[PDB]
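A.B. asks: Below is a structure I'd like to ask you about.
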Amino acid sequence: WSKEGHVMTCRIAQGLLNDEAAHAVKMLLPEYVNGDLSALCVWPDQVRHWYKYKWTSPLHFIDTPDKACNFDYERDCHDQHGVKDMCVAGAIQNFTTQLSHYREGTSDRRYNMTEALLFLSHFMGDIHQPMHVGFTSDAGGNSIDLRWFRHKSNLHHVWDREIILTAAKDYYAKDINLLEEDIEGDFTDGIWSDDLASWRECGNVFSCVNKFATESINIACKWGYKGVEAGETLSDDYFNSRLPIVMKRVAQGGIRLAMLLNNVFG
Amino acid sequence: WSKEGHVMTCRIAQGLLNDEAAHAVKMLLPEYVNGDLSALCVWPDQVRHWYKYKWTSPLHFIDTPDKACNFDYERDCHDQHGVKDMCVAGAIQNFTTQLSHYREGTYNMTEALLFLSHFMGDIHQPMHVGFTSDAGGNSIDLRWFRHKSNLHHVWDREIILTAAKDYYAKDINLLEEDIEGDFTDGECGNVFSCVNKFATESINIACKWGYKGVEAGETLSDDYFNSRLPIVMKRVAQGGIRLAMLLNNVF
Ligand SMILES: *[C@@H]1O[C@H](CO)[C@@H](O[C@@H]2O[C@H](CO)[C@@H](O[C@@H]3O[C@H](CO[C@H]4O[C@H](CO)[C@@H](O)[C@H](O)[C@@H]4O)[C@@H](O)[C@H](O[C@H]4O[C@H](CO)[C@@H](O)[C@H](O)[C@@H]4O)[C@@H]3O)[C@H](O)[C@H]2NC(C)=O)[C@H](O)[C@H]1NC(C)=O
Ligand SMILES: *[C@@H]1O[C@H](CO)[C@@H](O[C@@H]2O[C@H](CO)[C@@H](O[C@@H]3O[C@H](CO[C@H]4O[C@H](CO)[C@@H](O)[C@H](O)[C@@H]4O)[C@@H](O)[C@H](O[C@H]4O[C@H](CO)[C@@H](O)[C@H](O)[C@@H]4O)[C@@H]3O)[C@H](O)[C@H]2NC(C)=O)[C@H](O)[C@H]1NC(C)=O
Ligand SMILES: *[C@@H]1O[C@H](CO)[C@@H](O[C@@H]2O[C@H](CO)[C@@H](O[C@@H]3O[C@H](CO)[C@@H](O)[C@H](O[C@H]4O[C@H](CO)[C@@H](O)[C@H](O)[C@@H]4O)[C@@H]3O)[C@H](O)[C@H]2NC(C)=O)[C@H](O)[C@H]1NC(C)=O
Ligand SMILES: *[C@@H]1O[C@H](CO)[C@@H](O[C@@H]2O[C@H](CO)[C@@H](O)[C@H](O)[C@H]2NC(C)=O)[C@H](O)[C@H]1NC(C)=O
Ligand SMILES: [Cl-]
Ligand SMILES: [Cl-]
Ligand code: NA
Ligand SMILES: [Zn+2]
Ligand SMILES: [Zn+2]
Ligand SMILES: [Zn+2]
Ligand SMILES: [Zn+2]
Ligand SMILES: [Zn+2]
Ligand SMILES: [Zn+2]
């Protein structure tokens with residue numbers, strides 16, 4: 001996601017933390033964000049360019065083969081040079097494990113738990129963004145130039161940001177907090193209120209990340225790539241049919257991130 | 001150490017405490033641990049990740065120059081940016097001094113105790129006083145029997161867990177009681193020289209027994225376990241005896 005998908009994913013998660021998770025997160029954050037996890041959830045997108053963290057660059061996405069329309073861990077979860085686990089599914093296992101050590105203390109210098117938290121948070125959002133688990137050849141739609149309403153864009157960015165911005169502008173006065181509260185409502189009192197247990201119950205971590213990836217690639221083929229040709233214009237119909245899917249994936253990432261943090265600390 | 005080495009170090013100390021040091025420790029500890037210091041001496045390993053206590057991070061160890069195979073306080077006792085005393089040797093002195101003010105009433109004393117007890121353990125862990133380029137073995141990746149591990153972790157935990165499961169039905173308490181009995185049945189000038197000695201013992205062991213024979217990517221099993229185990233038990237005992245020493249003098 002661009003900034004807004006991450007901020008929403010993480011504010012939703014933070015307001016659903018249990019007391020032990022809430023506390024750990026508060027202790028792990030710098031004083032300057034005043035307890036707000038969401039103030040830092042886009043941090044990995046900035047630092048992936050830093051030499052020190054260039055190893056984090058393939059952890060943002062999954063490349064699945066063109067047209068295959070499924071996800072297979074062994075086949076897909078590696079960077080370009082075939083190094084194992086270097087995809088957003090592997091990243092989530094990794095940093096979830098690191099955080100499980102914090103609780104007992106039993107770890108050493110190799111791991112920085114503030115970075116473990118921010119990475120896990122970020123990457124739980126990214127795996128929920130369908131176009132982050134899209135095709136290898138178009139790099140999750142980045143190569144597919146197109147027009148979003150009146151301006152130039154690409155299919156990846158339509159999912160990372162344009163759909164979110166158009167919704168914010170059209171219905172919520174450009175105020176992401178209000179879009180976020182609508183998403184809260186839809187899972188507190190609304191259309192998704194009876195699905196939270198099913199969203200939360202995905203087996204062990206390895207099993208959860210396969211399920212999140214699968215959902216993502218599945219949506220990429222059915223809703224992302226589908227109906228979209230390079231150079232064409234996407235407007236009302238595509239927005240109207242896809243906004244609910246974007247909103248849902250923002251919700252699911254928040255709930256599931258809350259779920260991991262609650263299990264790893266509590 | 002990981003948790004079990006700290007808990008053992010601290011239980012062995014509390015039972016060697018004179019009446020003044022014991023009463024001190026009871027008054028500084030929170031209601032909820034019911035007088036059990038060991039219940040809280042892994043605390044520094046949690047709080048080192050907290051923003052509020054970032055500065056405690058380098059106090060867990062000492063990085064000595066690769067192959068040098070010796071310790072020197074002015075050469076070594078600093079963080080990665082040169083700030084002096086920011087090493088486990090510096091921290092033990094720091095927190096000794098702080099606790100000297102507890103009786104007089106003349107700094108948070110609960111924290112000083114927990115940091116002291118913890119760090120007296122860590123200085124005794126040989127690999128907390130190892131080389132700088134592999135971070136005290138942390139980046140020497142290997143196998144401990146079947147398990148993916150690293151050399152640093154072999155000493156923090158693997159050797160202790162493996163002796164626990166093998167000889168004590170996984171019960172740390174029985175292993176402790178056997179270290180207590182074996183190394184309690186038969187002093188330095190100041191605290192500065194005390195910590196120098198502890199630190200030098202640990203660097204020596206690291207060279208002779210930690211790093212020696214160990215190849216990256218290789219499996220350590222019965223031979224390395226059998227031979228190093230009694231070195232690990234000694235260090236646990238030494239740590240706990242000497243920590244009782246300091247607490248006894250300061251209180
Ligand atoms: C000198 O230094 C020490 C350590 O840095 C400080 O002591 C800490 O002080 C805080 C209070 O500010 C303590 O934190 C609190 O501990 C309570 C104790 O409960 C324990 O036992 C129950 C079961 O009986 C467990 O369930 C629980 O997890 C604890 O292990 C907690 O009940 C408190 O919880 C409340 O606050 C937190 C966060 O604010 C919320 O998440 C909770 O919902 C709840 O509202 C709290 O966690 C801490 O234990 C102390 N640590 C130690 C090592 O003693 C001293 O305060 C400091 N001295 C001075 C003068 O400032
Ligand atoms: C575990 O990992 C985390 C994350 O990697 C580390 O946390 C970072 O620690 C550094 C300290 O090295 C923090 O960097 C400093 O942050 C200060 C505050 O930044 C905020 O406010 C400023 C302006 O008011 C904004 O510009 C900024 O966006 C922030 O909102 C700054 O004051 C510092 O900047 C100045 O000093 C440095 C020199 O230290 C110069 O290089 C700079 O150019 C500048 O002049 C500085 O950047 C950083 O914010 C922390 N990040 C996070 C996410 O927490 C932990 O330290 C690490 N733990 C261990 C043990 O290593
Ligand atoms: C002895 O114990 C005492 C605690 O009782 C302990 O004092 C602490 O020392 C640290 C230094 O490591 C102090 O933290 C510093 O705060 C000042 C501002 O007042 C800053 O100058 C320092 O900035 C550094 O760290 C920044 C944050 O990451 C970096 O951005 C920057 O580059 C600097 O490197 C640093 O934050 C801490 O506040 C005191 N606390 C108290 C209560 O005095 C002391 O370190 C102990 N020493 C040993 C050897 O055990
Ligand atoms: C698990 O997290 C750690 C960071 O704590 C990563 O460790 C790095 O691994 C790469 C190998 O690709 C090395 O180049 C770096 O030097 C390592 N850094 C450290 C600090 O150990 C590791 O890549 C992570 N794995 C996954 C799948 O996320
Ligand atoms: Cl940073
Ligand atoms: Cl605490
Ligand atoms: Na030096
Ligand atoms: Zn993103
Ligand atoms: Zn993206
Ligand atoms: Zn990202
Ligand atoms: Zn330790
Ligand atoms: Zn260690
Ligand atoms: Zn430690």
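In the structure tokens, the first chain shown is A, the next is B, and so on; residue numbers restart at 1 for each chain, and ligands run from 1 in the order shown.
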Return as an MDAnalysis selection string every polymer residue, whether protein, DNA or RNA, with at least one atom no more than 10 Å from an atom of ligand 1; count only C-alpha atoms and all ligand atoms.
C.D. replies: (chainID A and resid 18:24 26:27 266) or (chainID B and resid 28:33 39:41 43:44 47 52:53 107:114)
A.B. asks: The selected residues should be written to file as a short mmCIF file (atom, residue, chain, number, x, y, z; two decimals), in the first residue's frame (atoms: N, CA, C and O atoms).
C.D. replies:
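Ended up saving to again-v3.cif:
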data_model
loop_
_atom_site.label_atom_id
_atom_site.label_comp_id
_atom_site.auth_asym_id
_atom_site.auth_seq_id
_atom_site.Cartn_x
_atom_site.Cartn_y
_atom_site.Cartn_z
N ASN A 18 -4.73 -6.32 22.71
CA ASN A 18 -4.99 -6.65 24.11
C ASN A 18 -3.99 -5.88 24.97
O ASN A 18 -3.06 -5.26 24.43
N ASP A 19 -4.17 -5.92 26.28
CA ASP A 19 -3.36 -5.11 27.21
C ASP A 19 -1.85 -5.39 27.10
O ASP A 19 -1.04 -4.47 27.15
N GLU A 20 -1.49 -6.65 26.93
CA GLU A 20 -0.08 -7.05 26.85
C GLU A 20 0.53 -6.57 25.53
O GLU A 20 1.66 -6.04 25.49
N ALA A 21 -0.23 -6.73 24.44
CA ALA A 21 0.20 -6.26 23.13
C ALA A 21 0.27 -4.72 23.12
O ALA A 21 1.27 -4.13 22.70
N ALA A 22 -0.79 -4.08 23.62
CA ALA A 22 -0.82 -2.62 23.69
C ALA A 22 0.43 -2.09 24.37
O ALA A 22 1.13 -1.19 23.84
N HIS A 23 0.75 -2.67 25.52
CA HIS A 23 1.90 -2.24 26.29
C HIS A 23 3.19 -2.44 25.56
O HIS A 23 4.01 -1.53 25.51
N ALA A 24 3.43 -3.64 25.04
CA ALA A 24 4.67 -3.94 24.30
C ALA A 24 4.88 -2.92 23.17
O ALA A 24 5.98 -2.35 22.98
N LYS A 26 3.62 0.09 22.84
CA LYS A 26 3.93 1.39 23.43
C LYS A 26 5.38 1.46 23.86
O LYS A 26 6.03 2.49 23.68
N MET A 27 5.91 0.40 24.45
CA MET A 27 7.31 0.44 24.87
C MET A 27 8.26 0.38 23.66
O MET A 27 9.35 0.94 23.68
N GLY A 266 0.85 -11.51 24.22
CA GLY A 266 -0.04 -12.03 25.27
C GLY A 266 0.06 -13.53 25.44
O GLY A 266 1.01 -14.03 26.03
N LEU B 28 13.64 -3.62 47.92
CA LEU B 28 13.70 -3.11 46.54
C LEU B 28 12.79 -3.90 45.57
O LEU B 28 12.41 -3.37 44.52
N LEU B 29 12.44 -5.16 45.89
CA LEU B 29 11.64 -5.98 44.95
C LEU B 29 10.14 -5.70 45.06
O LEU B 29 9.65 -5.38 46.14
N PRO B 30 9.41 -5.78 43.93
CA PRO B 30 7.97 -5.60 43.96
C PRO B 30 7.19 -6.74 44.65
O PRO B 30 7.61 -7.89 44.61
N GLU B 31 6.06 -6.40 45.27
CA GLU B 31 5.16 -7.39 45.88
C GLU B 31 5.05 -8.69 45.06
O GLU B 31 5.32 -9.78 45.56
N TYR B 32 4.68 -8.54 43.79
CA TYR B 32 4.35 -9.69 42.92
C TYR B 32 5.39 -10.82 42.72
O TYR B 32 4.99 -11.94 42.42
N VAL B 33 6.69 -10.56 42.88
CA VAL B 33 7.71 -11.63 42.74
C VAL B 33 7.90 -12.44 44.01
O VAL B 33 8.65 -13.43 44.00
N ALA B 39 13.15 -14.16 39.68
CA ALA B 39 11.92 -13.85 38.92
C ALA B 39 12.01 -12.59 38.06
O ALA B 39 11.11 -12.33 37.26
N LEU B 40 13.06 -11.79 38.23
CA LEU B 40 13.15 -10.52 37.53
C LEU B 40 14.49 -10.20 36.92
O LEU B 40 14.68 -9.07 36.46
N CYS B 41 15.42 -11.14 36.89
CA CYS B 41 16.75 -10.76 36.41
C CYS B 41 17.00 -11.03 34.93
O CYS B 41 18.12 -10.86 34.45
N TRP B 43 14.87 -9.24 33.25
CA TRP B 43 14.25 -7.96 32.96
C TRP B 43 15.05 -7.07 32.04
O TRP B 43 14.50 -6.56 31.05
N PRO B 44 16.34 -6.91 32.30
CA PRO B 44 17.17 -6.12 31.36
C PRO B 44 17.15 -6.56 29.89
O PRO B 44 17.50 -5.75 29.02
N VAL B 47 13.93 -4.90 28.54
CA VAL B 47 13.91 -3.41 28.52
C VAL B 47 14.94 -2.83 27.56
O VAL B 47 14.82 -1.66 27.17
N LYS B 52 12.87 3.94 25.82
CA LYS B 52 13.27 4.59 27.08
C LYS B 52 14.65 4.11 27.59
O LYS B 52 15.36 4.88 28.24
N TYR B 53 15.01 2.86 27.29
CA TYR B 53 16.27 2.25 27.74
C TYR B 53 17.19 1.79 26.61
O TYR B 53 17.98 0.86 26.81
N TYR B 107 18.39 8.33 39.77
CA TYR B 107 18.75 6.97 40.10
C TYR B 107 17.55 6.25 40.68
O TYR B 107 16.83 6.78 41.53
N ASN B 108 17.33 5.04 40.15
CA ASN B 108 16.26 4.14 40.59
C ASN B 108 16.91 2.83 41.02
O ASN B 108 17.57 2.15 40.21
N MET B 109 16.68 2.48 42.30
CA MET B 109 17.47 1.45 42.98
C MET B 109 17.04 0.04 42.61
O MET B 109 17.88 -0.84 42.48
N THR B 110 15.73 -0.14 42.43
CA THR B 110 15.19 -1.36 41.89
C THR B 110 15.88 -1.65 40.58
O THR B 110 16.42 -2.76 40.39
N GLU B 111 15.93 -0.66 39.68
CA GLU B 111 16.56 -0.90 38.37
C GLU B 111 18.05 -1.22 38.53
O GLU B 111 18.54 -2.17 37.91
N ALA B 112 18.73 -0.47 39.39
CA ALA B 112 20.19 -0.70 39.67
C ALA B 112 20.50 -2.15 40.10
O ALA B 112 21.45 -2.77 39.59
N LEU B 113 19.70 -2.68 41.03
CA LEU B 113 19.75 -4.11 41.43
C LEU B 113 19.53 -5.08 40.24
O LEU B 113 20.36 -5.96 39.95
N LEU B 114 18.42 -4.92 39.53
CA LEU B 114 18.11 -5.82 38.43
C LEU B 114 19.21 -5.74 37.36
O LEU B 114 19.69 -6.76 36.86
#
A.B. asks: Only residues of chain B matter here; which ones have an atom within 10 Å of chain A, counting only C-alpha atoms? Give them as a list in words.
C.D. replies: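 Contact residues on the first chain: residues 1, 2, 3, 4, 42, 43, 44, 45, 46, 47, 48, 49, 50, 51, 52, 53, 57, 58, 60, 61, 135, 136, 138, 139, 152, 153, 156 and 157 of chain B.
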A.B. asks: List every residue of chain A that has an atom at most 6 Å from any atom of ligand 10, and for each one report the closest atom pair and its distance in Å to one decimal, counting only C-alpha atoms and all ligand atoms, with rows sorted by chain and then by increasing residue number, as JSON lines.
C.D. replies:
{"residue": "A:45", "atom": "CA", "partner": "ligand 10", "partner_atom_place_in_ligand_line": "1 (Zn)", "distance": 5.1}
{"residue": "A:60", "atom": "CA", "partner": "ligand 10", "partner_atom_place_in_ligand_line": "1 (Zn)", "distance": 4.7}
{"residue": "A:126", "atom": "CA", "partner": "ligand 10", "partner_atom_place_in_ligand_line": "1 (Zn)", "distance": 5.6}
A.B. asks: Limited to N, CA, C and O atoms, could you put the picked residues into a file as a tab-separated table (two decimals), in the first residue's frame?
C.D. replies:
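Result file is result12.tsv:
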chain	number	residue	atom	x	y	z
A	45	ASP	N	8.97	1.38	3.68
A	45	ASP	CA	8.99	1.79	2.27
A	45	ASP	C	10.08	2.83	1.98
A	45	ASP	O	10.53	2.95	0.85
A	60	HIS	N	8.43	-7.09	0.30
A	60	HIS	CA	7.22	-6.27	0.17
A	60	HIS	C	6.17	-6.93	-0.67
A	60	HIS	O	5.00	-6.52	-0.66
A	126	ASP	N	1.01	-5.13	3.24
A	126	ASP	CA	1.37	-5.41	1.85
A	126	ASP	C	0.86	-6.72	1.30
A	126	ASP	O	0.43	-6.76	0.18
A.B. asks: What do you get as a list in words if you pick all residues at most 7 Å from ligand 8, counting only C-alpha atoms and all ligand atoms?
C.D. replies: residues 1, 2, 5, 6, 122, 125, 126 and 160 of chain A
A.B. asks: Write out the residues from the selection above, keeping C-alpha atoms, as a PDB file, in the first residue's frame.
C.D. replies:
ATOM      1  CA  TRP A   1       0.000   0.000   0.000  1.00  0.00           C
ATOM      2  CA  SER A   2       0.876   3.628  -0.245  1.00  0.00           C
ATOM      3  CA  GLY A   5      -3.459   1.841   3.391  1.00  0.00           C
ATOM      4  CA  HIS A   6      -0.714   1.352   5.938  1.00  0.00           C
ATOM      5  CA  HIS A 122       3.990  -2.983   7.194  1.00  0.00           C
ATOM      6  CA  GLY A 125      -0.561  -4.637   5.031  1.00  0.00           C
ATOM      7  CA  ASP A 126       1.373  -5.407   1.846  1.00  0.00           C
ATOM      8  CA  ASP A 160      -1.870   0.968  -3.599  1.00  0.00           C
TER       9      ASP A 160
END
A.B. asks: Pick the closest to residue A:16 from A:257, A:213, A:234, A:42: which is it, counting only C-alpha atoms?
C.D. replies: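 Answer, going by the shortest atom-to-atom distance: A:257.
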A.B. asks: Among the residues of stretch 42-227 of chain A, find those DSSP assigns to alpha helix (DSSP H) from the backbone and print them as a VMD selection string.
C.D. replies: chain A and resid 43 to 47 73 to 76 88 to 104 113 to 128 155 to 157 163 to 172 176 to 188 196 to 200 205 to 219
A.B. asks: For each of A:4, A:155, A:64, A:240, take the minimum atom-to-atom distance to residue A:175, counting only C-alpha atoms, then give the residue where this is smallest.
C.D. replies: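 Closest candidate: A:4.
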A.B. asks: Considering only C-alpha atoms, return as a PDB file with N, CA and C atoms, in the first residue's frame whatever protein or nucleic-acid residues lie within 10 Å of stretch 9-19 of chain B, sequence-local ones (same chain, fewer than 5 positions apart) excluded.
C.D. replies:
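Saved the output as around.pdb:
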ATOM      1  N   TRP B   1      23.681 -14.510  28.999  1.00  0.00           N
ATOM      2  CA  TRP B   1      22.826 -15.727  29.107  1.00  0.00           C
ATOM      3  C   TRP B   1      21.427 -15.491  28.573  1.00  0.00           C
ATOM      4  N   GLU B   4      17.502 -18.966  31.415  1.00  0.00           N
ATOM      5  CA  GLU B   4      17.761 -19.978  32.464  1.00  0.00           C
ATOM      6  C   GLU B   4      19.097 -19.759  33.133  1.00  0.00           C
ATOM      7  N   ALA B  24      17.752  -5.659  52.082  1.00  0.00           N
ATOM      8  CA  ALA B  24      17.831  -4.680  51.009  1.00  0.00           C
ATOM      9  C   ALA B  24      17.053  -5.194  49.799  1.00  0.00           C
ATOM     10  N   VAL B  25      17.384  -6.416  49.358  1.00  0.00           N
ATOM     11  CA  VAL B  25      16.778  -6.992  48.150  1.00  0.00           C
ATOM     12  C   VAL B  25      15.243  -7.163  48.309  1.00  0.00           C
ATOM     13  N   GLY B  35       9.562 -11.833  46.826  1.00  0.00           N
ATOM     14  CA  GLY B  35      10.926 -11.905  47.352  1.00  0.00           C
ATOM     15  C   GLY B  35      11.949 -12.601  46.465  1.00  0.00           C
ATOM     16  N   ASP B  36      11.507 -13.130  45.315  1.00  0.00           N
ATOM     17  CA  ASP B  36      12.373 -13.906  44.400  1.00  0.00           C
ATOM     18  C   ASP B  36      13.070 -13.030  43.367  1.00  0.00           C
ATOM     19  N   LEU B  37      14.336 -12.702  43.624  1.00  0.00           N
ATOM     20  CA  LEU B  37      15.116 -11.862  42.701  1.00  0.00           C
ATOM     21  C   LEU B  37      15.130 -12.488  41.315  1.00  0.00           C
ATOM     22  N   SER B  38      15.392 -13.798  41.245  1.00  0.00           N
ATOM     23  CA  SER B  38      15.547 -14.484  39.956  1.00  0.00           C
ATOM     24  C   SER B  38      14.323 -14.310  39.077  1.00  0.00           C
ATOM     25  N   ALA B  39      13.148 -14.160  39.679  1.00  0.00           N
ATOM     26  CA  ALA B  39      11.922 -13.846  38.919  1.00  0.00           C
ATOM     27  C   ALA B  39      12.008 -12.587  38.058  1.00  0.00           C
ATOM     28  N   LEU B  40      13.062 -11.789  38.225  1.00  0.00           N
ATOM     29  CA  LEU B  40      13.145 -10.517  37.533  1.00  0.00           C
ATOM     30  C   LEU B  40      14.493 -10.199  36.920  1.00  0.00           C
ATOM     31  N   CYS B  41      15.421 -11.145  36.889  1.00  0.00           N
ATOM     32  CA  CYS B  41      16.746 -10.758  36.407  1.00  0.00           C
ATOM     33  C   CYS B  41      17.001 -11.030  34.930  1.00  0.00           C
ATOM     34  N   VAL B  42      15.950 -11.380  34.201  1.00  0.00           N
ATOM     35  CA  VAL B  42      16.007 -11.350  32.742  1.00  0.00           C
ATOM     36  C   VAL B  42      15.396 -10.012  32.291  1.00  0.00           C
ATOM     37  N   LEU B 114      18.419  -4.917  39.529  1.00  0.00           N
ATOM     38  CA  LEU B 114      18.106  -5.819  38.433  1.00  0.00           C
ATOM     39  C   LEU B 114      19.213  -5.742  37.357  1.00  0.00           C
ATOM     40  N   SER B 117      22.479  -7.455  38.889  1.00  0.00           N
ATOM     41  CA  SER B 117      22.378  -8.903  38.962  1.00  0.00           C
ATOM     42  C   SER B 117      22.439  -9.502  37.568  1.00  0.00           C
ATOM     43  N   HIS B 118      21.673  -8.925  36.652  1.00  0.00           N
ATOM     44  CA  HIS B 118      21.716  -9.373  35.266  1.00  0.00           C
ATOM     45  C   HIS B 118      23.095  -9.308  34.691  1.00  0.00           C
ATOM     46  N   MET B 120      26.134  -9.064  36.008  1.00  0.00           N
ATOM     47  CA  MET B 120      27.134  -9.948  36.595  1.00  0.00           C
ATOM     48  C   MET B 120      27.051 -11.347  35.991  1.00  0.00           C
ATOM     49  N   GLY B 121      25.831 -11.778  35.664  1.00  0.00           N
ATOM     50  CA  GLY B 121      25.646 -12.985  34.884  1.00  0.00           C
ATOM     51  C   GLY B 121      26.265 -12.874  33.513  1.00  0.00           C
ATOM     52  N   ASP B 122      25.957 -11.809  32.786  1.00  0.00           N
ATOM     53  CA  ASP B 122      26.382 -11.719  31.377  1.00  0.00           C
ATOM     54  C   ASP B 122      27.872 -11.634  31.210  1.00  0.00           C
ATOM     55  N   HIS B 124      29.990 -13.163  32.957  1.00  0.00           N
ATOM     56  CA  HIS B 124      30.450 -14.526  33.109  1.00  0.00           C
ATOM     57  C   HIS B 124      30.197 -15.409  31.922  1.00  0.00           C
ATOM     58  N   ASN B 173      15.506 -26.144  38.005  1.00  0.00           N
ATOM     59  CA  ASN B 173      15.704 -26.115  39.469  1.00  0.00           C
ATOM     60  C   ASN B 173      16.648 -27.194  39.984  1.00  0.00           C
ATOM     61  N   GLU B 176      20.257 -26.426  38.925  1.00  0.00           N
ATOM     62  CA  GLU B 176      20.738 -25.337  39.763  1.00  0.00           C
ATOM     63  C   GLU B 176      21.272 -25.880  41.080  1.00  0.00           C
ATOM     64  N   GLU B 177      20.442 -26.682  41.737  1.00  0.00           N
ATOM     65  CA  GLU B 177      20.777 -27.251  43.036  1.00  0.00           C
ATOM     66  C   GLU B 177      22.035 -28.127  42.961  1.00  0.00           C
ATOM     67  N   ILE B 179      24.510 -27.408  40.699  1.00  0.00           N
ATOM     68  CA  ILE B 179      25.608 -26.443  40.527  1.00  0.00           C
ATOM     69  C   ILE B 179      25.913 -25.789  41.891  1.00  0.00           C
ATOM     70  N   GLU B 180      24.875 -25.489  42.674  1.00  0.00           N
ATOM     71  CA  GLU B 180      25.045 -24.915  44.027  1.00  0.00           C
ATOM     72  C   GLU B 180      25.888 -25.802  44.953  1.00  0.00           C
ATOM     73  N   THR B 184      29.979 -24.996  46.017  1.00  0.00           N
ATOM     74  CA  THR B 184      29.921 -24.373  47.345  1.00  0.00           C
ATOM     75  C   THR B 184      30.141 -25.417  48.461  1.00  0.00           C
ATOM     76  N   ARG B 235      30.976 -21.104  35.028  1.00  0.00           N
ATOM     77  CA  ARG B 235      30.595 -19.718  34.773  1.00  0.00           C
ATOM     78  C   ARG B 235      29.265 -19.319  35.404  1.00  0.00           C
ATOM     79  N   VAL B 236      28.275 -20.221  35.395  1.00  0.00           N
ATOM     80  CA  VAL B 236      27.013 -19.933  36.081  1.00  0.00           C
ATOM     81  C   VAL B 236      27.268 -19.779  37.581  1.00  0.00           C
ATOM     82  N   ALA B 237      27.989 -20.742  38.138  1.00  0.00           N
ATOM     83  CA  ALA B 237      28.288 -20.720  39.569  1.00  0.00           C
ATOM     84  C   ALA B 237      29.140 -19.477  39.887  1.00  0.00           C
ATOM     85  N   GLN B 238      30.191 -19.238  39.126  1.00  0.00           N
ATOM     86  CA  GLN B 238      31.051 -18.119  39.470  1.00  0.00           C
ATOM     87  C   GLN B 238      30.214 -16.831  39.532  1.00  0.00           C
ATOM     88  N   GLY B 239      29.443 -16.580  38.472  1.00  0.00           N
ATOM     89  CA  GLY B 239      28.589 -15.406  38.391  1.00  0.00           C
ATOM     90  C   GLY B 239      27.741 -15.207  39.632  1.00  0.00           C
ATOM     91  N   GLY B 240      27.057 -16.255  40.062  1.00  0.00           N
ATOM     92  CA  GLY B 240      26.154 -16.191  41.228  1.00  0.00           C
ATOM     93  C   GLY B 240      26.853 -16.003  42.578  1.00  0.00           C
ATOM     94  N   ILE B 241      28.051 -16.581  42.716  1.00  0.00           N
ATOM     95  CA  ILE B 241      28.869 -16.428  43.926  1.00  0.00           C
ATOM     96  C   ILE B 241      29.382 -14.979  44.016  1.00  0.00           C
ATOM     97  N   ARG B 242      30.060 -14.530  42.963  1.00  0.00           N
ATOM     98  CA  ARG B 242      30.564 -13.152  42.911  1.00  0.00           C
ATOM     99  C   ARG B 242      29.446 -12.058  43.043  1.00  0.00           C
ATOM    100  N   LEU B 243      28.228 -12.318  42.557  1.00  0.00           N
ATOM    101  CA  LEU B 243      27.145 -11.334  42.680  1.00  0.00           C
ATOM    102  C   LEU B 243      26.672 -11.228  44.139  1.00  0.00           C
ATOM    103  N   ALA B 244      26.609 -12.357  44.832  1.00  0.00           N
ATOM    104  CA  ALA B 244      26.409 -12.363  46.271  1.00  0.00           C
ATOM    105  C   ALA B 244      27.522 -11.571  46.979  1.00  0.00           C
ATOM    106  N   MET B 245      28.745 -11.670  46.460  1.00  0.00           N
ATOM    107  CA  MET B 245      29.882 -10.937  47.004  1.00  0.00           C
ATOM    108  C   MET B 245      29.559  -9.447  47.002  1.00  0.00           C
ATOM    109  N   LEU B 246      29.255  -8.903  45.813  1.00  0.00           N
ATOM    110  CA  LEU B 246      29.020  -7.455  45.644  1.00  0.00           C
ATOM    111  C   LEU B 246      27.834  -7.012  46.451  1.00  0.00           C
ATOM    112  N   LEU B 247      26.714  -7.692  46.293  1.00  0.00           N
ATOM    113  CA  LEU B 247      25.562  -7.304  47.071  1.00  0.00           C
ATOM    114  C   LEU B 247      25.888  -7.290  48.582  1.00  0.00           C
ATOM    115  N   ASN B 248      26.679  -8.263  49.050  1.00  0.00           N
ATOM    116  CA  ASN B 248      27.042  -8.337  50.479  1.00  0.00           C
ATOM    117  C   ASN B 248      27.852  -7.109  50.938  1.00  0.00           C
ATOM    118  N   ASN B 249      28.913  -6.775  50.209  1.00  0.00           N
ATOM    119  CA  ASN B 249      29.689  -5.559  50.485  1.00  0.00           C
ATOM    120  C   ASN B 249      28.892  -4.240  50.396  1.00  0.00           C
ATOM    121  N   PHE B 251      25.642  -3.541  50.585  1.00  0.00           N
ATOM    122  CA  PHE B 251      24.591  -3.367  51.581  1.00  0.00           C
ATOM    123  C   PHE B 251      25.111  -3.599  53.013  1.00  0.00           C
TER     124      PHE B 251
END
A.B. asks: Do you know which residues are at most 12 Å from residue A:244 counting only C-alpha atoms, after dropping those on the same chain fewer than 2 positions away, and could you put them as a ChimeraX atom specification?
C.D. replies: /A:159,163-164,167,179,182-183,186,191-192,219,223,238-242,246-251
A.B. asks: Looking at only C-alpha atoms and all ligand atoms, which of B:150, B:193, B:204, B:56 is the one that sits closest to ligand 4?
C.D. replies: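 Among the listed residues, B:150 lies closest to ligand 4.
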A.B. asks: Could you pull the residues within 9 Å of residue B:62, counting only C-alpha atoms, minus those fewer than 6 positions along the same chain, as a list in words?
C.D. replies: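 The residues satisfying every condition are residues 71, 76, 77, 78, 79, 86, 87, 88, 89, 123, 128, 129, 130, 131, 132, 136 and 199 of chain B.
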